[PDB]
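For reference, structure_18.pdb (PDB, C-alpha atoms):
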```
ATOM      1  CA  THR N   9     -73.165   3.676  25.361  1.00  0.00           C
ATOM      2  CA  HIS N  10     -69.720   4.201  26.898  1.00  0.00           C
ATOM      3  CA  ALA N  11     -67.159   2.590  29.280  1.00  0.00           C
ATOM      4  CA  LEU N  12     -66.445   2.964  33.022  1.00  0.00           C
ATOM      5  CA  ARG N  13     -62.941   3.655  34.345  1.00  0.00           C
ATOM      6  CA  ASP N  14     -61.524   0.317  35.658  1.00  0.00           C
ATOM      7  CA  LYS N  15     -64.218  -2.135  37.035  1.00  0.00           C
ATOM      8  CA  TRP N  16     -66.647  -1.640  39.931  1.00  0.00           C
ATOM      9  CA  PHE N  17     -68.137  -4.400  42.110  1.00  0.00           C
ATOM     10  CA  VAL N  18     -71.832  -4.002  42.974  1.00  0.00           C
ATOM     11  CA  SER N  19     -73.319  -5.382  46.195  1.00  0.00           C
ATOM     12  CA  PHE N  20     -76.517  -4.899  48.189  1.00  0.00           C
ATOM     13  CA  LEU N  21     -76.610  -4.723  51.997  1.00  0.00           C
ATOM     14  CA  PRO N  22     -80.133  -4.852  53.453  1.00  0.00           C
ATOM     15  CA  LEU N  23     -81.339  -3.463  56.833  1.00  0.00           C
ATOM     16  CA  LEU N  24     -79.738  -5.404  59.706  1.00  0.00           C
ATOM     17  CA  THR N  25     -82.195  -6.352  62.431  1.00  0.00           C
ATOM     18  CA  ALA N  26     -81.171  -6.826  66.104  1.00  0.00           C
ATOM     19  CA  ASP N  27     -82.428 -10.372  66.936  1.00  0.00           C
ATOM     20  CA  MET N  28     -80.591 -11.797  63.941  1.00  0.00           C
ATOM     21  CA  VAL N  29     -77.317 -10.020  64.859  1.00  0.00           C
ATOM     22  CA  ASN N  30     -77.540 -11.154  68.501  1.00  0.00           C
ATOM     23  CA  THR N  31     -78.613 -14.776  67.833  1.00  0.00           C
ATOM     24  CA  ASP N  32     -76.727 -15.636  64.584  1.00  0.00           C
ATOM     25  CA  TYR N  33     -73.688 -13.295  64.784  1.00  0.00           C
ATOM     26  CA  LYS N  34     -73.121 -13.058  68.580  1.00  0.00           C
ATOM     27  CA  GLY N  35     -74.013  -9.324  68.704  1.00  0.00           C
ATOM     28  CA  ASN N  36     -71.373  -8.400  66.147  1.00  0.00           C
ATOM     29  CA  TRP N  37     -72.810  -5.915  63.625  1.00  0.00           C
ATOM     30  CA  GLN N  38     -69.700  -5.814  61.427  1.00  0.00           C
ATOM     31  CA  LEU N  39     -69.715  -9.655  61.133  1.00  0.00           C
ATOM     32  CA  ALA N  40     -73.501  -9.504  60.379  1.00  0.00           C
ATOM     33  CA  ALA N  41     -72.762  -6.953  57.607  1.00  0.00           C
ATOM     34  CA  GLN N  42     -70.068  -9.184  56.078  1.00  0.00           C
ATOM     35  CA  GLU N  43     -72.388 -12.212  56.077  1.00  0.00           C
ATOM     36  CA  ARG N  44     -75.661 -10.529  55.081  1.00  0.00           C
ATOM     37  CA  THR N  45     -74.223  -8.553  52.141  1.00  0.00           C
ATOM     38  CA  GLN N  46     -75.684  -9.903  48.840  1.00  0.00           C
ATOM     39  CA  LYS N  47     -73.068  -9.762  46.063  1.00  0.00           C
ATOM     40  CA  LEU N  48     -74.117  -8.854  42.548  1.00  0.00           C
ATOM     41  CA  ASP N  49     -71.160  -8.732  40.044  1.00  0.00           C
ATOM     42  CA  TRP N  50     -68.488  -6.543  38.352  1.00  0.00           C
ATOM     43  CA  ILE N  51     -69.561  -3.799  35.957  1.00  0.00           C
ATOM     44  CA  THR N  52     -67.231  -2.394  33.232  1.00  0.00           C
ATOM     45  CA  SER N  53     -69.673  -0.432  31.028  1.00  0.00           C
ATOM     46  CA  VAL N  54     -72.621   1.982  31.174  1.00  0.00           C
ATOM     47  CA  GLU N  55     -74.866  -0.793  29.729  1.00  0.00           C
ATOM     48  CA  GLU N  56     -73.790  -3.179  32.519  1.00  0.00           C
ATOM     49  CA  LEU N  57     -74.432  -0.389  35.066  1.00  0.00           C
ATOM     50  CA  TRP N  58     -78.013   0.344  33.853  1.00  0.00           C
ATOM     51  CA  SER N  59     -78.766  -3.425  33.413  1.00  0.00           C
ATOM     52  CA  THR N  60     -77.701  -3.891  37.090  1.00  0.00           C
ATOM     53  CA  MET N  61     -79.923  -0.942  38.178  1.00  0.00           C
ATOM     54  CA  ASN N  62     -82.894  -2.260  36.089  1.00  0.00           C
ATOM     55  CA  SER N  63     -82.691  -5.713  37.761  1.00  0.00           C
ATOM     56  CA  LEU N  64     -83.496  -4.070  41.155  1.00  0.00           C
ATOM     57  CA  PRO N  65     -86.474  -2.013  42.405  1.00  0.00           C
ATOM     58  CA  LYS N  66     -85.997   1.812  42.137  1.00  0.00           C
ATOM     59  CA  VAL N  67     -83.377   3.126  44.668  1.00  0.00           C
ATOM     60  CA  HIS N  68     -86.066   4.832  46.840  1.00  0.00           C
ATOM     61  CA  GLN N  69     -87.795   1.426  47.074  1.00  0.00           C
ATOM     62  CA  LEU N  70     -84.718  -0.521  48.196  1.00  0.00           C
ATOM     63  CA  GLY N  71     -85.628  -0.001  51.856  1.00  0.00           C
ATOM     64  CA  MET N  72     -84.726   2.329  54.717  1.00  0.00           C
ATOM     65  CA  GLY N  73     -81.535   1.018  56.290  1.00  0.00           C
ATOM     66  CA  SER N  74     -80.267  -0.695  53.130  1.00  0.00           C
ATOM     67  CA  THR N  75     -77.250   0.311  50.992  1.00  0.00           C
ATOM     68  CA  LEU N  76     -76.419  -0.347  47.329  1.00  0.00           C
ATOM     69  CA  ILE N  77     -72.595  -0.281  47.130  1.00  0.00           C
ATOM     70  CA  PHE N  78     -70.198   0.273  44.173  1.00  0.00           C
ATOM     71  CA  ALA N  79     -66.466  -0.258  44.823  1.00  0.00           C
ATOM     72  CA  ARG N  80     -63.722   0.238  42.268  1.00  0.00           C
ATOM     73  CA  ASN N  81     -61.547  -2.954  41.950  1.00  0.00           C
ATOM     74  CA  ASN N  82     -62.799  -4.436  45.259  1.00  0.00           C
ATOM     75  CA  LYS N  83     -65.333  -7.240  45.674  1.00  0.00           C
ATOM     76  CA  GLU N  84     -65.116  -7.200  49.535  1.00  0.00           C
ATOM     77  CA  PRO N  85     -67.162  -4.847  51.816  1.00  0.00           C
ATOM     78  CA  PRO N  86     -65.476  -1.421  51.569  1.00  0.00           C
ATOM     79  CA  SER N  87     -64.078   0.135  54.752  1.00  0.00           C
ATOM     80  CA  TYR N  88     -63.334   3.764  55.911  1.00  0.00           C
ATOM     81  CA  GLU N  89     -59.891   2.428  57.004  1.00  0.00           C
ATOM     82  CA  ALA N  90     -58.807   2.020  53.334  1.00  0.00           C
ATOM     83  CA  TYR N  91     -58.333   5.814  53.068  1.00  0.00           C
ATOM     84  CA  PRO N  92     -56.181   7.272  55.851  1.00  0.00           C
ATOM     85  CA  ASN N  93     -56.048  10.500  53.715  1.00  0.00           C
ATOM     86  CA  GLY N  94     -59.660  10.422  52.489  1.00  0.00           C
ATOM     87  CA  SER N  95     -63.040  11.966  53.201  1.00  0.00           C
ATOM     88  CA  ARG N  96     -66.678  11.875  51.958  1.00  0.00           C
ATOM     89  CA  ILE N  97     -69.370  13.893  50.165  1.00  0.00           C
ATOM     90  CA  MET N  98     -73.058  13.345  51.019  1.00  0.00           C
ATOM     91  CA  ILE N  99     -75.697  14.316  48.479  1.00  0.00           C
ATOM     92  CA  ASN N 100     -79.347  14.093  49.635  1.00  0.00           C
ATOM     93  CA  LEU N 101     -81.865  13.969  46.761  1.00  0.00           C
ATOM     94  CA  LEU N 102     -85.397  14.726  47.991  1.00  0.00           C
ATOM     95  CA  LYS N 103     -87.765  14.283  45.000  1.00  0.00           C
ATOM     96  CA  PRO N 104     -88.091  13.891  41.183  1.00  0.00           C
ATOM     97  CA  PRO N 105     -86.710  15.006  38.813  1.00  0.00           C
ATOM     98  CA  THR N 106     -83.735  15.785  41.155  1.00  0.00           C
ATOM     99  CA  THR N 107     -83.466  12.179  42.399  1.00  0.00           C
ATOM    100  CA  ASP N 108     -83.142  10.796  38.857  1.00  0.00           C
ATOM    101  CA  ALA N 109     -80.969  13.564  37.336  1.00  0.00           C
ATOM    102  CA  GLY N 110     -78.761  13.888  40.414  1.00  0.00           C
ATOM    103  CA  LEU N 111     -78.228  10.124  40.681  1.00  0.00           C
ATOM    104  CA  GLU N 112     -77.245   9.985  36.968  1.00  0.00           C
ATOM    105  CA  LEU N 113     -74.819  12.877  37.392  1.00  0.00           C
ATOM    106  CA  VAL N 114     -73.091  11.378  40.471  1.00  0.00           C
ATOM    107  CA  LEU N 115     -72.857   7.897  38.855  1.00  0.00           C
ATOM    108  CA  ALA N 116     -71.273   9.528  35.752  1.00  0.00           C
ATOM    109  CA  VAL N 117     -68.828  11.845  37.578  1.00  0.00           C
ATOM    110  CA  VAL N 118     -67.595   8.998  39.863  1.00  0.00           C
ATOM    111  CA  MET N 119     -67.606   5.904  37.578  1.00  0.00           C
ATOM    112  CA  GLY N 120     -67.719   7.272  34.002  1.00  0.00           C
ATOM    113  CA  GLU N 121     -64.523   7.104  31.923  1.00  0.00           C
ATOM    114  CA  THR N 122     -64.579  10.647  30.457  1.00  0.00           C
ATOM    115  CA  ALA N 123     -66.934  12.275  32.997  1.00  0.00           C
ATOM    116  CA  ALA N 124     -64.564  11.416  35.904  1.00  0.00           C
ATOM    117  CA  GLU N 125     -61.625  13.270  34.286  1.00  0.00           C
ATOM    118  CA  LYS N 126     -63.853  16.370  33.820  1.00  0.00           C
ATOM    119  CA  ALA N 127     -64.603  16.543  37.571  1.00  0.00           C
ATOM    120  CA  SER N 128     -61.194  15.476  38.952  1.00  0.00           C
ATOM    121  CA  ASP N 129     -58.919  17.763  36.796  1.00  0.00           C
ATOM    122  CA  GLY N 130     -57.390  14.568  35.294  1.00  0.00           C
ATOM    123  CA  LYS N 131     -56.861  12.138  38.202  1.00  0.00           C
ATOM    124  CA  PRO N 132     -60.059  10.567  39.556  1.00  0.00           C
ATOM    125  CA  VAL N 133     -60.113   9.951  43.304  1.00  0.00           C
ATOM    126  CA  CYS N 134     -63.769   8.835  43.992  1.00  0.00           C
ATOM    127  CA  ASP N 135     -63.419   5.037  44.786  1.00  0.00           C
ATOM    128  CA  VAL N 136     -66.624   4.053  46.612  1.00  0.00           C
ATOM    129  CA  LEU N 137     -70.224   5.038  45.970  1.00  0.00           C
ATOM    130  CA  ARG N 138     -72.961   4.107  48.481  1.00  0.00           C
ATOM    131  CA  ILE N 139     -76.650   4.678  47.673  1.00  0.00           C
ATOM    132  CA  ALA N 140     -79.115   4.596  50.594  1.00  0.00           C
ATOM    133  CA  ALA N 141     -82.923   4.633  50.302  1.00  0.00           C
ATOM    134  CA  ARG N 142     -84.264   7.152  52.851  1.00  0.00           C
ATOM    135  CA  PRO N 143     -88.078   7.509  52.280  1.00  0.00           C
ATOM    136  CA  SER N 144     -90.088   9.689  54.614  1.00  0.00           C
ATOM    137  CA  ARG N 145     -93.769  10.767  54.908  1.00  0.00           C
ATOM    138  CA  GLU N 146     -92.922  14.132  53.312  1.00  0.00           C
ATOM    139  CA  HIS N 147     -90.508  12.786  50.663  1.00  0.00           C
ATOM    140  CA  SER N 148     -91.314   9.220  49.601  1.00  0.00           C
ATOM    141  CA  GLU N 149     -88.602   9.105  46.861  1.00  0.00           C
ATOM    142  CA  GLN N 150     -85.778  10.573  48.978  1.00  0.00           C
ATOM    143  CA  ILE N 151     -82.320   8.944  48.638  1.00  0.00           C
ATOM    144  CA  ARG N 152     -78.764   9.699  49.857  1.00  0.00           C
ATOM    145  CA  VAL N 153     -75.637   9.207  47.779  1.00  0.00           C
ATOM    146  CA  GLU N 154     -72.384   8.929  49.759  1.00  0.00           C
ATOM    147  CA  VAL N 155     -69.103   9.299  47.809  1.00  0.00           C
ATOM    148  CA  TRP N 156     -65.751   8.224  49.369  1.00  0.00           C
ATOM    149  CA  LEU N 157     -62.704  10.076  48.080  1.00  0.00           C
ATOM    150  CA  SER N 158     -59.196   8.618  48.550  1.00  0.00           C
ATOM    151  CA  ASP N 159     -57.730  12.177  48.754  1.00  0.00           C
ATOM    152  CA  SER N 160     -59.486  14.715  51.029  1.00  0.00           C
ATOM    153  CA  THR N 161     -57.619  17.635  49.401  1.00  0.00           C
ATOM    154  CA  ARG N 162     -59.756  17.082  46.216  1.00  0.00           C
ATOM    155  CA  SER N 163     -63.078  17.423  48.179  1.00  0.00           C
ATOM    156  CA  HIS N 164     -63.743  21.143  47.569  1.00  0.00           C
ATOM    157  CA  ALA N 165     -63.164  20.872  43.784  1.00  0.00           C
ATOM    158  CA  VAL N 166     -65.396  17.763  43.459  1.00  0.00           C
ATOM    159  CA  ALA N 167     -68.165  19.212  45.668  1.00  0.00           C
ATOM    160  CA  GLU N 168     -68.140  22.542  43.761  1.00  0.00           C
ATOM    161  CA  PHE N 169     -68.154  20.676  40.412  1.00  0.00           C
ATOM    162  CA  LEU N 170     -71.264  18.734  41.522  1.00  0.00           C
ATOM    163  CA  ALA N 171     -72.967  21.934  42.781  1.00  0.00           C
ATOM    164  CA  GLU N 172     -72.353  23.829  39.515  1.00  0.00           C
ATOM    165  CA  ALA N 173     -73.642  20.773  37.498  1.00  0.00           C
ATOM    166  CA  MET N 174     -76.848  20.389  39.575  1.00  0.00           C
ATOM    167  CA  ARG N 175     -77.648  24.114  39.115  1.00  0.00           C
ATOM    168  CA  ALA N 176     -76.972  23.804  35.344  1.00  0.00           C
ATOM    169  CA  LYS N 177     -79.579  20.995  35.294  1.00  0.00           C
ATOM    170  CA  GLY N 178     -82.257  23.569  36.366  1.00  0.00           C
ATOM    171  CA  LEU N 179     -82.761  21.644  39.612  1.00  0.00           C
ATOM    172  CA  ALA N 180     -84.618  23.313  42.470  1.00  0.00           C
ATOM    173  CA  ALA N 181     -82.529  24.552  45.455  1.00  0.00           C
ATOM    174  CA  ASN N 182     -85.021  23.077  47.948  1.00  0.00           C
ATOM    175  CA  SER N 183     -84.780  19.583  46.333  1.00  0.00           C
ATOM    176  CA  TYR N 184     -81.202  18.602  47.257  1.00  0.00           C
ATOM    177  CA  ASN N 185     -78.159  19.335  49.419  1.00  0.00           C
ATOM    178  CA  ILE N 186     -74.422  18.693  49.197  1.00  0.00           C
ATOM    179  CA  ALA N 187     -72.202  18.346  52.243  1.00  0.00           C
ATOM    180  CA  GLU N 188     -68.513  17.561  52.801  1.00  0.00           C
ATOM    181  CA  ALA N 189     -67.582  15.540  55.880  1.00  0.00           C
ATOM    182  CA  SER N 190     -64.832  13.427  57.392  1.00  0.00           C
ATOM    183  CA  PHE N 191     -65.359   9.636  57.646  1.00  0.00           C
ATOM    184  CA  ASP N 192     -65.891   9.922  61.507  1.00  0.00           C
TER
END
```

Translate this file's structure into structure tokens.
Amino acid sequence: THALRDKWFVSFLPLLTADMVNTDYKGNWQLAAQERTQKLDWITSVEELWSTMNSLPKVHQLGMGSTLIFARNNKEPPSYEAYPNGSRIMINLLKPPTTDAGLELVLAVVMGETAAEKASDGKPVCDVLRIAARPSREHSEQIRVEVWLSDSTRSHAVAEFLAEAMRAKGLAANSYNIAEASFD
């Protein structure tokens, strides 16, 4: 029962299949992505965030190849090109309760009004959040959360903040991993 910093646009991009890209979009996968993205709406509060999440199947059920996207102040498909100085953090969540608790933590640290300031020293830099369903035979509820930072020099502090918070949740070391990477 709290507010998000600024507004975030939510959109869902399903798995893109080859025959459709080749026949309808002349073999252009970026054009196919632009056209096959399904827009949801802006969210400004925690209640609007969880109402949006409750209208969809669970993240692990969204489908391998799909992406649920949250972009601060941008209703168009987000691009790597928007951050010449940025980088990303990938968090893989293998199984419950880590998937649920870890997803809640990341959503709060990135979008939350007061939780963002706690992680970012006092100047939040996480502007895009991408959630990808990645189920496997061994881990049927596995998901990946990808966070895009506008300033790569804040990466170590954000990644270490997330790692200290996941340990404080009593989460198992074998149930998740955090990695820092360039957009490349």

One-decimal distance in Å that lies between CA of residue 51 in chain N and CA of residue 170 in chain N: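 Interatomic distance, CA of residue 170 in chain N to CA of residue 51 in chain N: 23.3 Å.
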
Between CA of residue 45 in chain N and CA of residue 190 in chain N - distance in Å to one decimal: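 A separation of 24.5 Å between them.
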
Taking the file as I've supplied it (selection: the PyMOL selection byres ((chain N and resi 149-154) around 9)), which residues are included? Please answer as an mmCIF file with C-alpha atoms, in the frame of the given file.
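New file selection.cif:
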```
data_model
loop_
_atom_site.group_PDB
_atom_site.id
_atom_site.type_symbol
_atom_site.label_atom_id
_atom_site.label_comp_id
_atom_site.auth_asym_id
_atom_site.auth_seq_id
_atom_site.Cartn_x
_atom_site.Cartn_y
_atom_site.Cartn_z
ATOM 1 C CA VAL N 67 -83.377 3.126 44.668
ATOM 2 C CA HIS N 68 -86.066 4.832 46.840
ATOM 3 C CA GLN N 69 -87.795 1.426 47.074
ATOM 4 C CA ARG N 96 -66.678 11.875 51.958
ATOM 5 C CA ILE N 97 -69.370 13.893 50.165
ATOM 6 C CA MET N 98 -73.058 13.345 51.019
ATOM 7 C CA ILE N 99 -75.697 14.316 48.479
ATOM 8 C CA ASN N 100 -79.347 14.093 49.635
ATOM 9 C CA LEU N 101 -81.865 13.969 46.761
ATOM 10 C CA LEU N 102 -85.397 14.726 47.991
ATOM 11 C CA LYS N 103 -87.765 14.283 45.000
ATOM 12 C CA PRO N 104 -88.091 13.891 41.183
ATOM 13 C CA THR N 107 -83.466 12.179 42.399
ATOM 14 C CA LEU N 111 -78.228 10.124 40.681
ATOM 15 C CA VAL N 114 -73.091 11.378 40.471
ATOM 16 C CA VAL N 136 -66.624 4.053 46.612
ATOM 17 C CA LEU N 137 -70.224 5.038 45.970
ATOM 18 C CA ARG N 138 -72.961 4.107 48.481
ATOM 19 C CA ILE N 139 -76.650 4.678 47.673
ATOM 20 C CA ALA N 140 -79.115 4.596 50.594
ATOM 21 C CA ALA N 141 -82.923 4.633 50.302
ATOM 22 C CA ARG N 142 -84.264 7.152 52.851
ATOM 23 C CA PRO N 143 -88.078 7.509 52.280
ATOM 24 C CA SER N 144 -90.088 9.689 54.614
ATOM 25 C CA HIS N 147 -90.508 12.786 50.663
ATOM 26 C CA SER N 148 -91.314 9.220 49.601
ATOM 27 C CA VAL N 155 -69.103 9.299 47.809
ATOM 28 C CA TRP N 156 -65.751 8.224 49.369
#
```

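The neighbours of residue 33 in chain N here are the residues that come within 12 Å of it, using only C-alpha atoms and leaving out any residue fewer than 5 positions away in the same chain; they are residues 24, 25, 26, 27, 28, 38, 39, 40, 41, 42, 43 and 44 of chain N.
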
Length of the CA of residue 115 in chain N to CA of residue 94 in chain N vector [Å]: 19.1 Å

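Each of N:87, N:122, N:128, N:95 was compared to residue 192 in chain N using only C-alpha atoms, and N:95 turns out to be the nearest.
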
Distance criterion (all atoms listed in the file): nearest to residue 84 in chain N out of N:105, N:17, N:126, N:112: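 Using all atoms listed in the file, the shortest distance to residue 84 in chain N belongs to N:17.
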